[PDB]
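Novice: just the starting chains for now, same placement as in the complex:
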Amino acid sequence: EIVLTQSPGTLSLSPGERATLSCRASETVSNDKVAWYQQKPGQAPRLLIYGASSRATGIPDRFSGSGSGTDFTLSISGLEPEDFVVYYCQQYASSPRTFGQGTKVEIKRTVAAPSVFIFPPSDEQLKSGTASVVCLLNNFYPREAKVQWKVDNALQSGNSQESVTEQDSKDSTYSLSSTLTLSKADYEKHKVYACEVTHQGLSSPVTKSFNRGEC
């Protein structure tokens, strides 16, 4: 059992610069049989370098591998927009083999203030016994953001899954949606529902709320 840990999880790079990916192994690998893979969301993963030193057919020469033992580094010269995908390091000397957590590289951009909108549940949806309150964040950077639900001054926990979209191809921004799920009886026992959004580019937190019966 060889445990592979990759760090950092997310890194912000710029096109044309150099990116270094680190791969940590829990023990030495015989014959340095470590390979790197490239995977794009939607499509299938593709092999780039096998044995950490030999490239494969149809792979550009700008990808270079180095290191041995328990330390391996992947250096890429001439970063391209299409290269902002997730990369995994894997060793095939274990039998059975193991895979790492993987690292994601994002395009570095300036901080943009997010937009917060909240939609109260519809009357038709209330008839089904389920109430859904949404909290939408759009055009923010970096991806790291805290979304907390506060209703009747009581902080909620254990009831938010959280969905986040991928990086925009033309805007390089991120968006995420937060959905609040509660019982119909509990919904009628609360008046004001608000979600708090905290951002690096905001001096003070911005809170949005609505009054039941007015929407």
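Specialist: Ah, there it is. Numbers count the residues shown, from 1 in each chain, chains lettered A, B, ... in the order given.
Novice: use CA for all of it now, contacts and neighbours both
Specialist: Noted.
Novice: OK, contacts around the residue lying closest to residue A:110 once chain neighbours are set aside?
Specialist: Of all residues not flanking residue A:110 in the chain, residue A:141 sits nearest, at 7.1 Å (C-alpha to C-alpha, 6 or more residues apart in numbering). Taking C-alpha atoms under 8 Å, 6 or more residues apart in numbering, we find residue A:141 in contact with A:109, A:110, A:111, A:112, A:113, A:173, A:174.
Novice: same question, residue A:175
Specialist: Neighbouring residues of residue A:175 by C-alpha under 8 Å, 6+ apart: A:136, A:137, A:138, A:139, A:140, A:164, A:165, A:166, A:167.
Novice: for residue A:173, see how far away the residue nearest to residue A:110 is.
Specialist: Remark: distance between residue A:141 and residue A:173 (C-alpha to C-alpha, to the nearest Å) = 6 Å.
Novice: got a winner among the contacts of residue A:175 for most neighbours?
Specialist: Neighbour counts for the contacts of residue A:175 peak at residue A:140, which has 22 neighbours (criterion: other C-alpha atoms under 10 Å).
Novice: show me chain A divided up by domain.
Specialist: Using CATH domains of a matching chain, the domain parsing of chain A gives A:1-109, A:110-212.
Novice: between the two ends of the first one, how far is it?
Specialist: So the one you mean is domain A:1-109. 39 Å.
Novice: pull the distance from that domain to the chain's centre.
Specialist: Remark: domain A:1-109 is offset 18 Å from the chain centroid, using C-alpha atoms, centre = their mean, to the nearest Å.
Novice: before we move on, the earlier item: and the furthest pair within the contacts of residue A:175?
Specialist: Spatial extent of those (C-alpha to C-alpha) is set by the pair A:136 and A:167 at 15.7 Å.
Novice: pull out the buried positions in stretch A:57-73.
Specialist: Neighbour counts over stretch A:57-73 (16 or more other C-alpha atoms under 10 Å) mark A:63, A:64, A:65, A:68, A:72, A:73 as buried.
Novice: so the last one bridges to which residues?
Specialist: With DSSP bridges applied, residue A:73 shows beta-bridge pairing to residue A:22, residue A:66.
Novice: check contacts around it.
Specialist: Contacts of residue A:73 (C-alpha under 8 Å, 6+ apart): A:20, A:21, A:22, A:23, A:65, A:66, A:67.
Novice: distance to residue A:85 and secondary structure added to the contacts of residue A:175, as a markdown table?
Specialist: What follows is these, written out as a markdown table (distance: C-alpha to C-alpha, whole Å; DSSP: H, G, I helix; E, B strand; the rest coil):
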| residue | distance to residue A:85 | secondary structure |
| --- | --- | --- |
| A:136 | 25 | strand |
| A:137 | 23 | strand |
| A:138 | 22 | strand |
| A:139 | 20 | strand |
| A:140 | 20 | strand |
| A:164 | 16 | strand |
| A:165 | 14 | coil |
| A:166 | 11 | coil |
| A:167 | 11 | coil |
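Novice: here's chain B, drop it onto the model above:
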Amino acid sequence: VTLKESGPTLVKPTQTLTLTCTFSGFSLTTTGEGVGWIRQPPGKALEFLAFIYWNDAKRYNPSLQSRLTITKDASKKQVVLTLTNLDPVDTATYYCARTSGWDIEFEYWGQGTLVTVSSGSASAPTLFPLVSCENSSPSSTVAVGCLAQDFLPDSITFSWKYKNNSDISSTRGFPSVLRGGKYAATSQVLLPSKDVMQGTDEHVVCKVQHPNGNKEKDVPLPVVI
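Specialist: Time to bring in chain B:
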């Protein structure tokens, strides 16, 4: 060299799951060549299930030992995978690859297939209108959304049209999340505030193309004026 996967798109928990990896253009006769299965749950990394070498040599993962079986049929040139004790947390997309030697591992990858493990049934999606309750802050533009809920499997495309059947460029697609055995997703669209206080069109239609029904509900604008 190419690979193709096939199997059921919906399987109930605690049952038998069977997948077939269809490959053509090579034979598993030379040494070093082998076939392996790699799965990846959404939002997680790749997971190694098992690998089979030549001369009927098979390898299994100790974390999943005594739970998977590897069988090969040279006549049909396709490996058969059997999965038992299905669990909702094990839902992932399964891929198979060919190793062209001892050092070149997984040189060619196929396309894969989504195998959803949910106790529920493939019911038609349900749409719910969303009214914008924003006030005292018109901001740049106003936003209206569409909550597609109770759909399985996750395959939905969103398109926004006006009352006169026009075209809108939203491109705001949120991924689905497994909540209570069902997938939930949200979609929004940005519209200028000037158009709201102008044309008599007070609502727009939300359209979803899912292979369980062609319903399309309309979301009324809150109107500011």
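Novice: burial count for residue A:26?
Specialist: The tally of other residues near residue A:26 (other C-alpha atoms under 10 Å in any protein chain shown) stands at 11.
Novice: and the nearest residue to it once chain neighbours are set aside, how far from residue B:65?
Specialist: Of all residues not flanking residue A:26 in the chain, residue A:3 sits nearest, at 5.1 Å (C-alpha to C-alpha, 6 or more residues apart in numbering or on different chains). To residue B:65, residue A:3 is 18 Å away according to C-alpha to C-alpha.
Novice: also residue B:211?
Specialist: Residue B:211 is 37 Å from residue B:65, where distance means C-alpha to C-alpha.
Novice: higher neighbour count, those two?
Specialist: Between residue B:211 and residue B:65, counting by other C-alpha under 10 Å, residue B:211 is the more crowded of the two (15 against 12).
Novice: what's opposite that one in the beta bridge?
Specialist: The partner list for residue B:211 in beta bridges (DSSP bridges) reads residue B:213.
Novice: show the end-to-end separation of stretch A:165-174, please.
Specialist: 6 Å.
Novice: give the contact list for residue 65.
Specialist: Let's take chain A. Neighbour list for residue A:65: A:49, A:52, A:53, A:72, A:73, A:74, A:75 [criterion: C-alpha atoms under 8 Å, 6 or more residues apart in numbering or on different chains].
Novice: make a markdown table out of the residues you listed and add distance to chain B.
Specialist: A markdown table is the format used below for the contacts of residue A:65 (distance: C-alpha to the nearest C-alpha, whole Å):
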| residue | distance to chain B |
| --- | --- |
| A:49 | 8 |
| A:52 | 10 |
| A:53 | 11 |
| A:72 | 17 |
| A:73 | 19 |
| A:74 | 18 |
| A:75 | 20 |
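Novice: most neighbours, which of the residues you listed?
Specialist: Of the contacts of residue A:65, with other C-alpha under 10 Å as the count, residue A:49 tops at 26 neighbours.
Novice: report how many residues lie close to the closest residue to it other than its chain neighbours.
Specialist: In space, and not counting its chain neighbours, residue A:49 is closest to residue A:55: 4.4 Å by C-alpha to C-alpha, 6+ apart. Neighbours of residue A:55 under the rule other C-alpha under 10 Å: 20.
Novice: ok, residue A:55 - contacts?
Specialist: The neighbours of residue A:55, taking C-alpha under 8 Å, 6+ apart as the test, are A:48, A:49, A:61.
Novice: mind checking which of those land in strands?
Specialist: A:48, A:49 (DSSP state E).
Novice: can you put the contacts of residue A:55 in CSV and add distance to residue B:165?
Specialist: Conversion of the contacts of residue A:55 to CSV gives the following (distance: C-alpha to C-alpha, whole Å):
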residue, distance to residue B:165
A:48, 47
A:49, 50
A:61, 50
